[PDB]
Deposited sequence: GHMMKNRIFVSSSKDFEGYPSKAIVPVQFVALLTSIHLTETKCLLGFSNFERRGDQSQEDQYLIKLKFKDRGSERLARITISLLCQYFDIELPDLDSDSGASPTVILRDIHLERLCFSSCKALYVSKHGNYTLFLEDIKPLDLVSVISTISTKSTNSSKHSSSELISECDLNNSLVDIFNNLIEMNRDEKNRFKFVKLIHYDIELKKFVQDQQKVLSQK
């Protein structure tokens, strides 16, 4: 099948015009929306863009129509949030979760299908491995088209956070995370900066 590792949503500019292409990317979950009829997840790696718009650079659709597919969407979202500790209305009373990175770091590794037609592209999720903050920290310390890309992306995003953190202009701050933590503080300082 040859799934392709995508380091940057920028990658998709020079992707085919009318194609189905299996990809994989490693990013922070930043937004979730679930409405009457739509379900979105947005993710970002926060690569210095320009640095115009840094959140939700990856928009993944969970298409649904009838009531079964809607439920499955809700259950996916619910499990996803449960893993990352995100608080959610109880089924028995929409979901707007933006800027999830300001409260929680929710590293995710995602398999999606890139689908391009009529001069635009869309991303449909096929899988998602939520990644645990400690494992992500530990690690920083099969298609032929992927291999040790996990490491590099995780290293980049965290360097990108180090720049957003100390940037007076950016709302993100390490200390503002809910799970802010001795382990985190040391990681951010111990070597991350010295590197």
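- Of the deposited sequence, positions 1 to 4, 98 to 103, 152 to 162, 217 to 219 lack any modelled C-alpha atom.
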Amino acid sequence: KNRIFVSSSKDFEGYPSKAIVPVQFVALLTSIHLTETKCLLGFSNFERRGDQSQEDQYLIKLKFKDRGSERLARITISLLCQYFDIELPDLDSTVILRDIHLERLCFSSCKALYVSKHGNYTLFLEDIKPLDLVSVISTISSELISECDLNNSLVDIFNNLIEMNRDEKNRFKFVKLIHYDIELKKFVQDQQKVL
From here on, numbers count along this sequence of modelled residues.
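- For residue 26, the fraction of other compared entries lacking coordinates, among those that model flanking residues, is zero, nowhere near a third.
- Coverage remark for residue 50: absent from the model in at least one third of the other entries compared whose chains are built on both sides.
- Higher mean CA temperature factor, per the PDB entry, when comparing 75 to 83 with 110 to 118: 110 to 118.
- Of the two segments examined, 151 to 159 and 23 to 31, it is 151 to 159 that shows the higher average Cα temperature factor in the deposited entry.
- Highest CA B-factor among the listed residues (66, 56, 132, 127): 66.
- For residue 88, the recorded CA B-factor ranks within the middle third of the chain. Only modelled residues enter the ranking.
- Residue-level temperature factors show residue 60 in the middle third of its chain, judged at the C-alpha atom.
- Remark: residue 182 belongs to the highest third of its chain, ranked by C-alpha B-factor as recorded.
- Annotation for residue 136: C-alpha temperature factor in the middle third relative to the rest of the modelled chain, per the entry.
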